[PDB]
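The file start_22.cif comes next; it holds mmCIF, C-alpha atoms and all ligand atoms.
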data_upload
loop_
_atom_site.label_atom_id
_atom_site.label_comp_id
_atom_site.auth_asym_id
_atom_site.auth_seq_id
_atom_site.Cartn_x
_atom_site.Cartn_y
_atom_site.Cartn_z
CA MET A 395 0.00 0.00 0.00
CA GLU A 396 1.31 3.55 -0.46
CA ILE A 397 3.43 4.86 2.42
CA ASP A 398 4.12 8.48 3.28
CA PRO A 399 7.91 8.82 3.80
CA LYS A 400 6.87 11.09 6.67
CA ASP A 401 6.32 7.80 8.54
CA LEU A 402 9.84 6.51 7.84
CA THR A 403 13.25 7.01 9.43
CA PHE A 404 16.64 6.32 7.86
CA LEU A 405 18.98 4.86 10.50
CA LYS A 406 21.81 2.93 8.80
CA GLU A 407 23.20 1.99 5.39
CA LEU A 408 22.96 -1.66 4.36
CA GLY A 409 24.57 -1.15 0.95
CA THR A 410 23.75 -0.90 -2.73
CA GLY A 411 22.19 -3.96 -4.33
CA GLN A 412 21.33 -5.06 -7.85
CA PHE A 413 18.35 -2.70 -7.88
CA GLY A 414 19.68 0.30 -5.97
CA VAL A 415 20.69 1.50 -2.53
CA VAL A 416 19.29 -0.16 0.62
CA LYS A 417 19.05 1.23 4.17
CA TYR A 418 17.84 0.00 7.56
CA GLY A 419 15.13 2.00 9.26
CA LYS A 420 11.81 2.11 11.08
CA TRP A 421 8.30 2.22 9.62
CA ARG A 422 5.56 3.68 11.82
CA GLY A 423 8.11 3.57 14.64
CA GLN A 424 7.64 -0.07 15.63
CA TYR A 425 8.54 -1.88 12.36
CA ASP A 426 12.16 -2.64 11.58
CA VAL A 427 12.26 -2.34 7.79
CA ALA A 428 14.70 -2.20 4.91
CA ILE A 429 13.99 0.61 2.45
CA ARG A 430 15.47 0.11 -1.02
CA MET A 431 15.85 3.12 -3.32
CA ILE A 432 15.36 1.80 -6.85
CA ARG A 433 18.23 2.65 -9.17
CA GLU A 434 16.92 5.05 -11.78
CA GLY A 435 16.93 3.76 -15.33
CA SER A 436 16.95 0.12 -14.24
CA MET A 437 13.23 -0.70 -14.05
CA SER A 438 10.12 -0.43 -16.20
CA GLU A 439 8.47 1.67 -13.52
CA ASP A 440 4.78 1.45 -14.43
CA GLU A 441 4.87 -2.34 -14.96
CA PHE A 442 6.94 -2.87 -11.82
CA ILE A 443 4.69 -0.66 -9.68
CA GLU A 444 1.54 -2.42 -10.85
CA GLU A 445 3.14 -5.79 -10.13
CA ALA A 446 4.37 -4.50 -6.75
CA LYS A 447 0.75 -4.25 -5.64
CA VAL A 448 0.54 -7.97 -6.36
CA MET A 449 3.72 -8.81 -4.53
CA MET A 450 2.24 -6.79 -1.69
CA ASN A 451 -0.67 -9.18 -1.54
CA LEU A 452 1.59 -12.25 -1.35
CA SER A 453 2.06 -13.17 2.30
CA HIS A 454 3.84 -16.12 3.87
CA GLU A 455 6.05 -16.42 6.94
CA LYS A 456 9.01 -17.68 4.89
CA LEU A 457 8.77 -14.93 2.22
CA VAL A 458 10.46 -11.56 2.77
CA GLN A 459 7.33 -9.44 3.20
CA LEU A 460 6.69 -6.30 1.13
CA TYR A 461 5.13 -3.74 3.48
CA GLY A 462 4.47 -0.97 0.94
CA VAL A 463 5.97 1.51 -1.51
CA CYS A 464 6.60 5.20 -2.17
CA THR A 465 5.94 5.85 -5.86
CA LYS A 466 4.93 9.52 -6.06
CA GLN A 467 8.64 10.38 -6.03
CA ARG A 468 11.77 9.04 -7.67
CA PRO A 469 13.68 6.95 -6.79
CA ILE A 470 10.82 4.64 -5.89
CA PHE A 471 11.02 3.37 -2.32
CA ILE A 472 10.31 -0.23 -1.39
CA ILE A 473 9.67 -0.90 2.30
CA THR A 474 10.31 -4.52 3.25
CA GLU A 475 10.57 -6.66 6.35
CA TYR A 476 14.06 -6.21 7.83
CA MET A 477 16.39 -9.24 7.71
CA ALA A 478 19.09 -8.50 10.26
CA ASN A 479 21.54 -11.17 9.07
CA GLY A 480 21.63 -9.99 5.46
CA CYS A 481 22.08 -12.09 2.34
CA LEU A 482 21.82 -15.85 2.83
CA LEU A 483 24.89 -16.51 0.66
CA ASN A 484 27.13 -14.42 2.90
CA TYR A 485 25.37 -15.74 6.00
CA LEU A 486 26.28 -19.26 4.82
CA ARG A 487 29.92 -18.32 4.26
CA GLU A 488 30.46 -16.34 7.49
CA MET A 489 29.18 -19.17 9.73
CA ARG A 490 30.86 -21.99 7.80
CA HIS A 491 32.00 -23.77 10.98
CA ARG A 492 28.75 -22.98 12.85
CA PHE A 493 26.13 -24.86 10.77
CA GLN A 494 25.09 -28.44 11.48
CA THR A 495 23.36 -30.36 8.69
CA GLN A 496 20.14 -30.13 10.71
CA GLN A 497 20.25 -26.34 10.36
CA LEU A 498 21.06 -26.68 6.66
CA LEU A 499 18.04 -28.90 6.06
CA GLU A 500 16.00 -26.37 8.06
CA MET A 501 17.19 -23.65 5.66
CA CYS A 502 16.00 -25.88 2.84
CA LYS A 503 12.59 -26.37 4.46
CA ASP A 504 12.30 -22.60 4.75
CA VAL A 505 13.12 -22.01 1.10
CA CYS A 506 11.01 -24.92 -0.13
CA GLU A 507 8.00 -23.73 1.90
CA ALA A 508 8.28 -20.22 0.48
CA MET A 509 8.63 -21.62 -3.03
CA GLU A 510 5.69 -23.97 -2.48
CA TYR A 511 3.57 -21.01 -1.51
CA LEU A 512 4.79 -19.18 -4.61
CA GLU A 513 4.06 -22.30 -6.67
CA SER A 514 0.53 -22.52 -5.28
CA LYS A 515 -0.17 -18.88 -6.21
CA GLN A 516 0.92 -19.59 -9.82
CA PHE A 517 3.65 -16.97 -9.28
CA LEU A 518 7.15 -17.44 -10.72
CA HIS A 519 10.44 -16.25 -9.21
CA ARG A 520 12.62 -16.34 -12.37
CA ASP A 521 15.90 -15.91 -10.41
CA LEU A 522 15.95 -18.17 -7.36
CA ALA A 523 19.45 -18.19 -5.87
CA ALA A 524 21.10 -17.82 -2.48
CA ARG A 525 21.97 -14.17 -3.21
CA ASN A 526 18.23 -13.36 -3.32
CA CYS A 527 17.40 -15.12 -0.04
CA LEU A 528 17.76 -13.28 3.26
CA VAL A 529 18.13 -14.34 6.90
CA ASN A 530 16.52 -12.67 9.90
CA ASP A 531 17.82 -12.46 13.48
CA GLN A 532 16.57 -15.97 14.34
CA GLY A 533 18.49 -17.73 11.57
CA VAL A 534 15.31 -18.19 9.52
CA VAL A 535 15.70 -18.12 5.74
CA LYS A 536 13.28 -16.29 3.45
CA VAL A 537 13.00 -15.78 -0.30
CA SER A 538 13.03 -12.30 -1.83
CA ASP A 539 13.31 -10.42 -5.12
CA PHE A 540 10.71 -12.75 -6.63
CA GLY A 541 9.48 -11.79 -10.08
CA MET A 542 11.86 -8.84 -10.05
CA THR A 543 13.74 -9.99 -13.13
CA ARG A 544 10.60 -9.54 -15.19
CA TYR A 545 11.13 -5.76 -15.05
CA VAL A 546 14.86 -5.22 -15.69
CA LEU A 547 15.64 -3.02 -18.69
CA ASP A 548 19.25 -4.16 -19.15
CA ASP A 549 19.13 -6.85 -21.84
CA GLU A 550 22.29 -8.49 -20.45
CA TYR A 551 20.32 -9.39 -17.32
CA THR A 552 17.38 -10.86 -19.29
CA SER A 553 18.61 -12.52 -22.49
CA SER A 554 19.75 -16.14 -22.44
CA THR A 555 23.23 -15.12 -23.60
CA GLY A 556 23.43 -11.89 -21.60
CA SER A 557 26.70 -11.40 -19.75
CA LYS A 558 24.80 -11.11 -16.45
CA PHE A 559 22.22 -13.86 -16.90
CA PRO A 560 22.31 -16.50 -14.09
CA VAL A 561 23.07 -19.44 -16.36
CA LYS A 562 24.40 -21.47 -13.44
CA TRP A 563 20.91 -21.49 -11.87
CA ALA A 564 19.00 -21.82 -15.15
CA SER A 565 17.29 -24.91 -16.50
CA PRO A 566 18.07 -26.12 -20.04
CA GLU A 567 14.72 -24.89 -21.34
CA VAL A 568 15.52 -21.42 -20.01
CA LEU A 569 18.89 -21.31 -21.75
CA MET A 570 17.62 -22.70 -25.05
CA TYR A 571 14.00 -21.56 -25.19
CA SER A 572 13.53 -18.96 -22.42
CA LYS A 573 10.74 -21.20 -21.09
CA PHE A 574 10.15 -20.06 -17.51
CA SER A 575 7.97 -22.35 -15.39
CA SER A 576 7.63 -23.51 -11.80
CA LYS A 577 9.84 -26.37 -12.99
CA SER A 578 12.63 -23.91 -13.80
CA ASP A 579 12.25 -22.52 -10.28
CA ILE A 580 12.59 -26.12 -9.12
CA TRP A 581 15.83 -26.58 -11.06
CA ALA A 582 16.97 -23.33 -9.47
CA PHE A 583 15.95 -24.66 -6.04
CA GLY A 584 18.09 -27.73 -6.66
CA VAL A 585 21.04 -25.46 -7.36
CA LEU A 586 20.15 -23.48 -4.23
CA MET A 587 20.20 -26.64 -2.11
CA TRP A 588 23.65 -27.25 -3.56
CA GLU A 589 24.66 -23.75 -2.50
CA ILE A 590 23.36 -24.38 1.02
CA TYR A 591 25.10 -27.71 1.57
CA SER A 592 28.25 -26.35 -0.13
CA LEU A 593 28.17 -23.50 2.42
CA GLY A 594 27.92 -20.90 -0.32
CA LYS A 595 30.38 -22.03 -2.97
CA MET A 596 29.85 -20.75 -6.50
CA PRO A 597 28.35 -23.55 -8.63
CA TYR A 598 30.60 -24.29 -11.61
CA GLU A 599 32.92 -21.57 -10.29
CA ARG A 600 35.64 -22.34 -12.87
CA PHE A 601 33.34 -22.52 -15.91
CA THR A 602 32.52 -19.76 -18.34
CA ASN A 603 28.78 -19.28 -18.70
CA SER A 604 28.94 -20.96 -22.13
CA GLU A 605 30.95 -23.93 -20.84
CA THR A 606 28.35 -24.34 -18.10
CA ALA A 607 25.44 -24.13 -20.54
CA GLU A 608 26.92 -26.82 -22.78
CA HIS A 609 27.96 -29.15 -19.95
CA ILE A 610 24.48 -28.84 -18.42
CA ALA A 611 23.00 -29.53 -21.85
CA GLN A 612 25.02 -32.76 -22.10
CA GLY A 613 24.20 -34.18 -18.66
CA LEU A 614 26.72 -32.67 -16.24
CA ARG A 615 25.33 -32.10 -12.74
CA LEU A 616 26.80 -30.54 -9.63
CA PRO A 617 28.68 -32.96 -7.35
CA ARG A 618 27.17 -34.20 -4.11
CA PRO A 619 28.32 -31.76 -1.40
CA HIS A 620 30.47 -33.14 1.39
CA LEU A 621 27.86 -32.25 4.00
CA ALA A 622 24.99 -33.68 1.91
CA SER A 623 23.65 -37.17 2.66
CA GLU A 624 22.65 -39.57 -0.11
CA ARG A 625 18.96 -38.61 0.66
CA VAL A 626 19.48 -34.83 0.53
CA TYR A 627 21.47 -35.28 -2.65
CA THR A 628 18.67 -37.39 -4.12
CA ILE A 629 16.33 -34.45 -3.53
CA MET A 630 18.48 -31.73 -5.06
CA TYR A 631 19.41 -34.10 -7.91
CA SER A 632 15.73 -34.79 -8.60
CA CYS A 633 15.28 -31.06 -9.04
CA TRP A 634 17.61 -31.26 -12.09
CA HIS A 635 15.71 -33.66 -14.37
CA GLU A 636 16.15 -32.80 -18.05
CA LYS A 637 12.40 -33.20 -18.63
CA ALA A 638 10.49 -30.45 -16.84
CA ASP A 639 7.46 -32.67 -16.22
CA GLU A 640 9.86 -35.17 -14.60
CA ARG A 641 10.81 -32.74 -11.86
CA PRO A 642 8.81 -32.99 -8.62
CA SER A 643 6.72 -30.04 -7.51
CA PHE A 644 7.70 -27.94 -4.50
CA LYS A 645 4.97 -29.69 -2.48
CA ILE A 646 6.44 -33.13 -3.21
CA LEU A 647 9.86 -31.61 -2.53
CA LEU A 648 8.84 -30.23 0.85
CA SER A 649 7.44 -33.65 1.76
CA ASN A 650 10.76 -35.32 0.87
CA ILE A 651 12.59 -32.68 2.95
CA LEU A 652 10.32 -33.41 5.91
CA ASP A 653 10.99 -37.15 5.45
CA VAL A 654 14.73 -36.52 5.63
CA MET A 655 14.29 -34.35 8.70
CA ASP A 656 12.27 -37.12 10.38
CA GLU A 657 15.02 -39.64 9.47
CA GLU A 658 17.61 -37.21 10.91
CA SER A 659 16.29 -37.82 14.44
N1 LIG B 701 14.90 -6.84 3.10
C1 LIG B 701 16.29 -6.71 3.49
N2 LIG B 701 16.68 -6.96 4.74
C2 LIG B 701 17.96 -6.84 5.11
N3 LIG B 701 18.91 -6.46 4.27
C3 LIG B 701 18.59 -6.18 2.98
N4 LIG B 701 19.32 -5.77 1.92
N5 LIG B 701 18.53 -5.63 0.86
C4 LIG B 701 17.29 -5.93 1.17
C5 LIG B 701 16.09 -5.88 0.23
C6 LIG B 701 15.20 -4.84 0.39
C7 LIG B 701 14.10 -4.75 -0.44
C8 LIG B 701 13.89 -5.70 -1.42
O1 LIG B 701 12.77 -5.55 -2.25
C9 LIG B 701 12.00 -6.71 -2.36
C10 LIG B 701 11.44 -7.30 -1.24
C11 LIG B 701 10.67 -8.44 -1.37
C12 LIG B 701 10.47 -8.99 -2.63
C13 LIG B 701 11.03 -8.39 -3.75
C14 LIG B 701 11.80 -7.26 -3.61
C15 LIG B 701 14.79 -6.74 -1.59
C16 LIG B 701 15.89 -6.83 -0.76
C17 LIG B 701 17.26 -6.30 2.56
#
Would you mind writing the structure in this file as structure tokens?
Amino acid sequence: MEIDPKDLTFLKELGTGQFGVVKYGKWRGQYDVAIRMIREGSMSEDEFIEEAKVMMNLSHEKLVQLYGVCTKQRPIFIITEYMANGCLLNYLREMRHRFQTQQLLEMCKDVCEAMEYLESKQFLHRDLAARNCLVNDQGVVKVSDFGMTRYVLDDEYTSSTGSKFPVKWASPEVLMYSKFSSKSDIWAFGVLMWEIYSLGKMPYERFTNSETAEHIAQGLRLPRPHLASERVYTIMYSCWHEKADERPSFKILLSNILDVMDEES
């Protein structure tokens, strides 16, 4: 819903992200929030604003909430639930010796639940990766920046061969046909699981985007992480079926996750 900046306070700088500067602050006094100032020239504003009202109506505990927006000025402001521990990728790397596999599987339940809610609303992410997931003060993981890639003007960020396109998280049908589906978000979730159990290592770190695309196209798949059990690996590997219809839905995935958690007792 629209927010009068009168009701906001800027308290600290969190840094500049892919879509502009971000700061920590307070909304209506009692709400810790992160206000992002949208880089000018980066977004299709009208389309993004209209879709923002939709992402406002998406609510789930494991999804970084959108509390409102300031659109009658530029740069547009986006007021979101504040995640004290920052990006999940850097959270994974900083506490490399402080995560037990039970906490890792928890982080996977969190992501899978958020993506199952997004699946059930027939809403696509289009860029699921650890760098777009955030962690709050209680170690809980939440998805964010969902559907944001739909509104980027830079063609490098959108085209299959763009220099900034996340090939290493993309399914074969996204690289070859630009066919986005919940199944491509599932492929991406598989890669994300690999990020989690790898404690934040870059998938195919030493591959050019092209080399990755071709290897993926010919059957190469990420190696089982050291901290991943044969059951966890089975789940993230099942996310990477060549045939989209052969990949299990996020609901079936969450169930498998819960089965592994139960067997981890
Ligand atoms: N919410 C944060 N909490 C702590 N640190 C942070 N750094 N950056 C952000 C951030 C802020 C706004 C934002 O817009 C959104 C929000 C939800 C969905 C899509 C887009 C996406 C990310 C952030």
List all protein, DNA and RNA residues that have at least one atom no more than 10 Å from any atom of ligand LIG 701 (chain B), counting all atoms listed in the file, and write them as a PyMOL selection string.
chain A and resi 407-418+426-432+446+449-450+452+457-463+471-482+519+525-530+536-543
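Among A:546, A:593, A:626, A:655, the residue with the shortest atom-to-atom distance to residue 492 (chain A), counting all atoms listed in the file, is A:593.
Rounded to one decimal, CA of residue 494 (chain A) and CA of residue 512 (chain A) lie 27.5 Å from each other.
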How many Å separate CA of residue 553 (chain A) from CA of residue 587 (chain A)?
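Rounded to one decimal, the two atoms are 24.8 Å apart.
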Between CA of residue 520 (chain A) and CA of residue 574 (chain A), what is the spacing in Å?
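For CA of residue 574 (chain A) relative to CA of residue 520 (chain A), the distance reads 6.8 Å.
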Counting only C-alpha atoms, the residue of A:559, A:493, A:627, A:425 that sits nearest residue 604 (chain A):
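Of the candidates, the smallest distance to residue 604 (chain A) is held by A:559.
Excluding region 609-625 of chain A itself and any same-chain residue fewer than 4 positions from it, the protein and nucleic acid residues within 7 Å of it, counting all atoms listed in the file, are residues 495, 566, 588, 591, 592, 605, 629 and 654 of chain A.
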Using only C-alpha atoms, please write the residues we just selected to a file, as a PDB file, in the coordinates of the input.
ATOM      1  CA  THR A 495      23.360 -30.360   8.690  1.00  0.00           C
ATOM      2  CA  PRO A 566      18.070 -26.120 -20.040  1.00  0.00           C
ATOM      3  CA  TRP A 588      23.650 -27.250  -3.560  1.00  0.00           C
ATOM      4  CA  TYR A 591      25.100 -27.710   1.570  1.00  0.00           C
ATOM      5  CA  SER A 592      28.250 -26.350  -0.130  1.00  0.00           C
ATOM      6  CA  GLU A 605      30.950 -23.930 -20.840  1.00  0.00           C
ATOM      7  CA  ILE A 629      16.330 -34.450  -3.530  1.00  0.00           C
ATOM      8  CA  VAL A 654      14.730 -36.520   5.630  1.00  0.00           C
TER       9      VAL A 654
END
Using only C-alpha atoms for the distances, tell me which of A:499, A:486, A:638, A:509 is nearest to residue 575 (chain A).
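Closest residue, counting only C-alpha atoms: A:638.
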Between A:514, A:403, A:451, A:606, smallest distance to residue 644 (chain A) by only C-alpha atoms belongs to A:514
So, with only C-alpha atoms as the atoms that count, which of A:555, A:497, A:650, A:436 lies closest to residue 469 (chain A)?
A:436
Exercise: residue 599 (chain A) partners within 12 Å, only C-alpha atoms, chain neighbours under 3 positions left out, as a list in words
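Counting only the stated atoms, we get residues 561, 562, 589, 594, 595, 596, 602, 603, 605, 606 and 616 of chain A.
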Go through A:544, A:649, A:535, A:404 and flag the residue nearest residue 505 (chain A), using only C-alpha atoms for the distances.
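So, comparing all the options, the nearest one is A:535.
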Give me the residues near residue 438 (chain A) as a PyMOL selection string, where near means some atom within 8 Å (using all atoms listed in the file) and where sequence neighbours in that chain fewer than 3 positions away do not count.
chain A and resi 441-442+545-547
Can you tell me which residues surround residue 510 (chain A) at a distance of at most 8 Å, considering all atoms listed in the file, apart from same-chain residues fewer than 2 positions away, and format the answer as a list in words?
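Within the cut-off, the hits are residues 506, 507, 508, 512, 513, 514, 643, 644, 645 and 648 of chain A.
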Would you mind completing region 517-540 of chain A to N, CA, C and O atoms and writing the output as a short mmCIF file (atom, residue, chain, number, x, y, z; two decimals), keeping the file's coordinate frame?
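Once everything was written out, this is part-v9.cif:
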data_model
loop_
_atom_site.label_atom_id
_atom_site.label_comp_id
_atom_site.auth_asym_id
_atom_site.auth_seq_id
_atom_site.Cartn_x
_atom_site.Cartn_y
_atom_site.Cartn_z
N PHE A 517 2.72 -18.09 -9.19
CA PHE A 517 3.65 -16.97 -9.28
C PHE A 517 5.09 -17.47 -9.43
O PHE A 517 5.55 -18.26 -8.61
N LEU A 518 5.80 -16.98 -10.45
CA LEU A 518 7.15 -17.44 -10.72
C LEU A 518 8.18 -16.48 -10.14
O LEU A 518 7.96 -15.27 -10.08
N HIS A 519 9.33 -17.04 -9.73
CA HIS A 519 10.44 -16.25 -9.21
C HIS A 519 11.32 -15.72 -10.34
O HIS A 519 11.57 -14.52 -10.44
N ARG A 520 11.83 -16.62 -11.17
CA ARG A 520 12.62 -16.34 -12.37
C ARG A 520 14.10 -16.14 -12.05
O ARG A 520 14.90 -16.03 -12.98
N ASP A 521 14.50 -16.08 -10.78
CA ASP A 521 15.90 -15.91 -10.41
C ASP A 521 16.19 -16.43 -9.01
O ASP A 521 16.86 -15.76 -8.22
N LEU A 522 15.71 -17.62 -8.69
CA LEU A 522 15.95 -18.17 -7.36
C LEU A 522 17.43 -18.50 -7.20
O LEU A 522 17.98 -19.28 -7.99
N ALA A 523 18.06 -17.91 -6.19
CA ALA A 523 19.45 -18.19 -5.87
C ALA A 523 19.69 -17.72 -4.44
O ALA A 523 18.89 -16.97 -3.88
N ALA A 524 20.80 -18.18 -3.86
CA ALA A 524 21.10 -17.82 -2.48
C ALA A 524 21.30 -16.32 -2.30
O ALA A 524 21.02 -15.78 -1.22
N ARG A 525 21.77 -15.61 -3.34
CA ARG A 525 21.97 -14.17 -3.21
C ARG A 525 20.67 -13.38 -3.10
O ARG A 525 20.71 -12.20 -2.74
N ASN A 526 19.54 -14.00 -3.40
CA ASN A 526 18.23 -13.36 -3.32
C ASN A 526 17.44 -13.81 -2.11
O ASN A 526 16.30 -13.38 -1.93
N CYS A 527 18.02 -14.68 -1.28
CA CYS A 527 17.40 -15.12 -0.04
C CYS A 527 18.07 -14.35 1.09
O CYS A 527 19.24 -13.98 1.01
N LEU A 528 17.29 -14.04 2.11
CA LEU A 528 17.76 -13.28 3.26
C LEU A 528 17.51 -14.06 4.54
O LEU A 528 16.71 -15.00 4.58
N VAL A 529 18.21 -13.67 5.60
CA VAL A 529 18.13 -14.34 6.90
C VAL A 529 17.85 -13.30 7.97
O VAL A 529 18.49 -12.24 7.99
N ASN A 530 16.89 -13.59 8.84
CA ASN A 530 16.52 -12.67 9.90
C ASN A 530 17.38 -12.95 11.14
O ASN A 530 18.33 -13.73 11.10
N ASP A 531 17.02 -12.34 12.27
CA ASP A 531 17.82 -12.46 13.48
C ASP A 531 17.74 -13.84 14.11
O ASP A 531 18.65 -14.21 14.88
N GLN A 532 16.71 -14.62 13.81
CA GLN A 532 16.57 -15.97 14.34
C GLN A 532 17.06 -17.04 13.36
O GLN A 532 16.63 -18.20 13.46
N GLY A 533 17.94 -16.70 12.43
CA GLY A 533 18.49 -17.73 11.57
C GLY A 533 17.52 -18.28 10.56
O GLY A 533 17.86 -19.24 9.86
N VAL A 534 16.32 -17.72 10.46
CA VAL A 534 15.31 -18.19 9.52
C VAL A 534 15.62 -17.64 8.14
O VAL A 534 16.02 -16.49 7.98
N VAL A 535 15.43 -18.48 7.13
CA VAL A 535 15.70 -18.12 5.74
C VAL A 535 14.39 -17.76 5.06
O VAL A 535 13.34 -18.36 5.33
N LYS A 536 14.44 -16.75 4.19
CA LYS A 536 13.28 -16.29 3.45
C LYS A 536 13.68 -15.88 2.04
O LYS A 536 14.79 -15.41 1.81
N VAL A 537 12.76 -16.07 1.11
CA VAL A 537 13.00 -15.78 -0.30
C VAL A 537 12.66 -14.31 -0.54
O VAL A 537 11.80 -13.74 0.14
N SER A 538 13.32 -13.69 -1.51
CA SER A 538 13.03 -12.30 -1.83
C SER A 538 13.38 -12.03 -3.28
O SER A 538 13.96 -12.88 -3.97
N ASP A 539 13.04 -10.83 -3.75
CA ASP A 539 13.31 -10.42 -5.12
C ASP A 539 12.64 -11.38 -6.10
O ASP A 539 13.19 -11.70 -7.16
N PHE A 540 11.44 -11.85 -5.75
CA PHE A 540 10.71 -12.75 -6.63
C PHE A 540 9.98 -11.96 -7.71
O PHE A 540 9.33 -10.94 -7.43
#
